[PDB]
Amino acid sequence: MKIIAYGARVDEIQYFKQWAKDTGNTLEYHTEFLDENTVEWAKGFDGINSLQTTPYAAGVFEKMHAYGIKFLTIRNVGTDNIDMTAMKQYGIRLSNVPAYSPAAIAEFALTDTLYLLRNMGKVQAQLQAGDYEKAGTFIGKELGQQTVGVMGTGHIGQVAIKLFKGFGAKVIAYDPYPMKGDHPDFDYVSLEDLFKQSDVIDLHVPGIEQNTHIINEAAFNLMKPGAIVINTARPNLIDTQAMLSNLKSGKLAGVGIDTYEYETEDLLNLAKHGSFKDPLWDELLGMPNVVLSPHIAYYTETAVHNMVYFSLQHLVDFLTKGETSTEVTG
């Protein structure tokens, strides 16, 4: 078949090329995202494959319907930037890749946890400043001696629980929709108990509106002194302001943030002004007990390979069997 791909990223290229060789299909990829203008390149292809945070507007589906392209598969999870109504209107079907690599994210959460437990940021700051003696004065903690609280026992949450348990840590979890049946690796506890007992709090919950600021001032007040919070999930989960105050007061020993609350706004400022123009960001970046990352928890060779291969397979599924396990409808 003939498939056209949009939003092709530097690391995806080799996989796109390899998938073409492996399956014998024709794959044409483009750096540009899919919009009303670029969708015109798809005339004559059997399906479209894309990855972008920019909108998938009604116009895109209109031209697709016009060229007879009935399927669109995305390489990521989120569908919030997709005009679903316009899509259903033009009879276009969609599938995403909900679990390209839960391990990539779980491993990143472990990476930030160990980094903070061993005060790696404080250590590196002192070495760079030329103070070798002071660099060795921040006593660390063993993950195997901690109680880790995981919020969200979905795909990623389960993998993170397994990794934490591998260190010998005591693992407790909270999820409004608990798994049914046995799970020897952890115990479900109430949200209050999770906050009160956890040395490390790891977030793996969806970024739906009702989870906005689920970690807020009240949550921070329940936490034990010296707690660590890791967020590789979504930007709206933590009240960054309250977080900062608790870092300053010493309540929180450190935090690992891969999805910064104002990332979207800041990326816009960066484009228009060449800087984040964000004083909160600057303050956090200057604290050695804070480890910020530019939304890269998913960023591994395995994950990127899977984003490409899985999404393309879903496309081939639609095109041959007329159904696929990850079809999205709402």
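Note that residue numbering follows the sequence shown and begins at 1.
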| query | finding |
| --- | --- |
| Between the two ranges 261-269 and 291-299, the one averaging a larger CA B factor in the entry | 261-269 |
| Mean C-alpha temperature factor, higher of 243-251 and 119-127 | 243-251 |
| Top residue by Cα temperature factor, when 179, 205, 150, 135 are compared in the entry | 179 |
| Residue of maximum C-alpha B factor among 161, 84, 230, 189, per deposited coordinates | 84 |
| Lowest, middle or highest third - CA B-factor, residue 25 | highest |
| Third of the chain's Cα B-factor distribution that residue 140 belongs to, per the entry | lowest |
| CA B-factor placement of residue 220, once the chain's modelled residues are sorted into thirds | middle |
| Among modelled residues of the same chain, the CA temperature factor third for residue 107 | lowest |
| Chain thirds of CA B-factor: placement of residue 304 | lowest |
